[PDB]
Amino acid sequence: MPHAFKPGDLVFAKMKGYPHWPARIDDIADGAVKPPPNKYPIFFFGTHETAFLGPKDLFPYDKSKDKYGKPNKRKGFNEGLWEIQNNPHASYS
């Protein structure tokens, strides 16, 4: 049975105007800016950007990859597909 989201979980993350995007739940470094309540820090593969999102926009990667893990014209997307499949826990800083 599902737990709550935790750092290191792999997802497709949805934002307005963009396709469901390969991403992970990040940790928050000591001394770093925390997310608002009920939000998670989402690191987007390929673009390497961070946004804060709630569970309604987070789709577990294993269950969703058949639907969302296809190439896309958008900047950074196909790089992101490689990262989430091949080294999803690496440092991308």
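In this text, residue numbers run from 1 along the sequence as written.
Undergrad: On mean C-alpha B-factor from the PDB entry, just flag whether 31 to 39 or 46 to 54 is the higher one.
TA: Going by the record's values, the stretch with the higher mean is 31 to 39.
Undergrad: Split into thirds by Cα B-factor across the chain's modelled residues, where does residue 21 land: lowest, middle or highest?
TA: According to the entry, residue 21 has a C-alpha B-factor in the chain's middle third.
Undergrad: Residue 2's Cα B-factor: lowest, middle or highest third of the chain?
TA: Top third by C-alpha B-factor.
Undergrad: Name the third of the chain's ranked CA B-factors that contains residue 87, choosing lowest, middle or highest.
TA: Tercile = lowest for this residue's CA B-factor.
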